[PDB]
Amino acid sequence: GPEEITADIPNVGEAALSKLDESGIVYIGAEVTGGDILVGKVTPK
Amino acid sequence: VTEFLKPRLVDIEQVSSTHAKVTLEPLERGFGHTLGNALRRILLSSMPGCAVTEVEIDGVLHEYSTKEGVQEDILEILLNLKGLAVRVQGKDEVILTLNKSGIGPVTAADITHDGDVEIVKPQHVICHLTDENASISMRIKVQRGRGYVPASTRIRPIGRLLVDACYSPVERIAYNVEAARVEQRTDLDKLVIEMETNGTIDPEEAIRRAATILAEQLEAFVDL
Amino acid sequence: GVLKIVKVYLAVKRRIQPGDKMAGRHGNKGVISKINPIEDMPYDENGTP
């Protein structure tokens, strides 16, 4: 099957997820740093 | 011999609002350059300043956007605000507020100041509203610091904007030595220190501050 | 094959570091090397460094 951009992903603390919105996309104006997550995408498996 | 005349602060010529002069006298031979260079370095180095640190405008999210009604970019407003001059009496941190409507420039005087926060340049321009029914409100954060601090190296909501800190009143320091007119002696020196600050400091206080700083630092070497 | 695409724009401010390459107009390029504090800089008798 395909993969999606769901906001939920495995084996990750909520800390990284704090910046994404319900959809799985970071809010406009957020101040990201090196090694962050911008859009959550999944391994279809 | 084996005794040296102790200099004394003779006069403080407040030649202008900001430009000022100070005179130290007497001074034993050769000490003029020593003390002048030392004090110049100290004054230019470390002085308590009260530069602004954070901003919070009502209807914006990030500094790279624009606001309707105002004819300058948010970055321009922040830049101009960075060059602000102010003094605070008791507290080490304060929050100012600015609200303004109608058309025209926005001087620093438009702040709802309190009795402890004192602006030094009321006429400092900020921005030009170009519509009567266009207002701006903002909260300014003023901290007490020293030297320079880029916003990168410090330590929350998406509305806070962070500027760079430049806590330093002084801008230019020069000095000269010249023979004095003591009752009877030659090769007796007199130091004149010319300073030009941004205007938010008492020169005499600055000199006493630098001197006590230097003495306190130096006292380590004695009694090793 | 592509179901959707999302694009995001980051803004950065490169300020300066020792290592950067600035130059004058007469082919006199150079690499910035150090940032001395003002107090070490040479200054004229008038006080401007």
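First to last, the sequence lines map onto chains P, Z and S.
Note that the UniProt record's numbering has the first sequence beginning at 846, numbered continuously upward.
All the letters of the second sequence, read from the start, carry residue numbers 5 to 159, 166 to 234 under the UniProt record's numbering.
Note that the UniProt record's numbering has the third sequence beginning at 1045, numbered continuously upward.
Beta carbons: idealized from backbone N, C-alpha and C, even for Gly.
What does the alpha-carbon distance come out to for the pair residue i and residue j?
| i | j | result |
| --- | --- | --- |
| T210/Z | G874/P | 36 Å |
| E58/Z | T70/Z | 18 Å |
| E76/Z | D62/Z | 16 Å |
| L100/Z | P855/P | 45 Å |
| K1048/S | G885/P | 13 Å |
| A230/Z | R45/Z | 19 Å |
| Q194/Z | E32/Z | 14 Å |
| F35/Z | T222/Z | 18 Å |
| residue 1098/S | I1060/S | Outside the shown range of chain S, which is 1045 to 1093, sits residue 1098/S, and nothing can be said about it. |
| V202/Z | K25/Z | 7 Å |
| residue 1110/S | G1071/S | The shown model of chain S, from 1045 to 1093, leaves out residue 1110/S, and the question about it has no answer. |
| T116/Z | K86/Z | 18 Å |
| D120/Z | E226/Z | 30 Å |
| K1057/S | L234/Z | 48 Å |
| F8/Z | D1088/S | 31 Å |
| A860/P | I78/Z | 30 Å |
| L224/Z | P1086/S | 22 Å |
| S156/Z | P11/Z | 44 Å |
| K200/Z | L228/Z | 23 Å |
| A190/Z | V19/Z | 21 Å |
| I217/Z | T196/Z | 27 Å |
Under 7 Å Cβ to Cβ from residue i, same chain only, skipping five residues before and after it: list those, please.
| i | result |
| --- | --- |
| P889/P | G846, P847, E848 |
| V192/Z | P30, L198 |
| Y152/Z | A175, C176 |
| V887/P | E848, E849, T851, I854 |
| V180/Z | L47, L48, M51, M205, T207 |
Which residues of chain S have a Cβ atom closer than 7 Å to the Cβ of residue i, listed in chain order?
| i | result |
| --- | --- |
| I183/Z | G1091 |
| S50/Z | Ordered by position in chain S, no residue passes the 7 Å Cβ test against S50/Z, which lies about 10 Å from the chain. |
| residue 256/Z | In the structure as shown, chain Z starts at 5 and stops at 234, and residue 256/Z therefore has no counterpart that could be examined. |
Grab me the residues of residue i's own chain with a C-beta within less than 8 Å of its C-beta, minus the 5 sequence neighbours each way, in chain order.
| i | result |
| --- | --- |
| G108/Z | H132, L133 |
| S21/Z | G209 |
| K864/P | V871, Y872, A875, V877, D881, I882 |
| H23/Z | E204, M205, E206 |
| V232/Z | none |
| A1067/S | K1073, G1074 |
| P126/Z | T111, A112, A113 |
| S868/P | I850, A852 |
Can you confirm whether residue i, when its beta carbon is compared against all beta carbons of chain Z, has any partner nearer than 8 Å?
| i | result |
| --- | --- |
| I1060/S | no |
| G879/P | no |
| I870/P | no |
| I1076/S | no |
Does the distance from the C-beta atom of residue i to that of residue j stay below 8 Å?
| i | j | result |
| --- | --- | --- |
| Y177/Z | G53/Z | yes |
| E67/Z | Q147/Z | no |
| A112/Z | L88/Z | yes |
| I183/Z | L28/Z | no |
| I16/Z | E214/Z | yes |
| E136/Z | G106/Z | yes |
| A220/Z | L43/Z | yes |
| residue 2/Z | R143/Z | In the structure as shown, chain Z begins at 5 and stops at 234. Residue 2/Z is therefore absent and cannot be evaluated. |
| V173/Z | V74/Z | no |
| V187/Z | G40/Z | yes |
| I1079/S | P1062/S | yes |
| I168/Z | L65/Z | yes |
| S50/Z | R150/Z | yes |
Sorted by chain position, which residues of the same chain lie with C-beta nearer than 6 Å to residue i's C-beta, five sequence neighbours on each side aside?
| i | result |
| --- | --- |
| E122/Z | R91 |
| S141/Z | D62, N103 |
| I130/Z | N84, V110 |
| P154/Z | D174 |
| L171/Z | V59, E67 |
| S1077/S | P1062 |
| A138/Z | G73 |
With a threshold of 8 Å between beta-carbons, can residue i be considered close to chain P, or not?
| i | result |
| --- | --- |
| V1046/S | no |
| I168/Z | yes |
Which chain P residues are close to residue i, counting only those with a beta carbon under 8 Å from its beta carbon?
| i | result |
| --- | --- |
| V1050/S | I850, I870, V884 |
| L65/Z | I873, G874 |
In chain S, which residues lie less than 9 Å from residue i when you measure between Cβ atoms?
| i | result |
| --- | --- |
| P889/P | Within 9 Å Cβ-Cβ: nothing; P889/P doesn't reach chain S, min ~12 Å. |
Kindly list, in the order they appear in chain S, the residues whose Cβ is closer than 8 Å to that of residue i.
| i | result |
| --- | --- |
| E204/Z | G1091 |
Compare the C-beta of residue i with all C-beta atoms of chain A and state if any pair is closer than 8 Å.
| i | result |
| --- | --- |
| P847/P | In the structure shown, chain A does not exist; the protein chains are P, Z and S. |
Output yes if chain S places a C-beta closer than 8 Å to the C-beta of residue i; else output no.
| i | result |
| --- | --- |
| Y68/Z | yes |
Using the beta-carbon of each residue, which ones in chain Z are nearer than 7 Å to residue i?
| i | result |
| --- | --- |
| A1055/S | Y68 |
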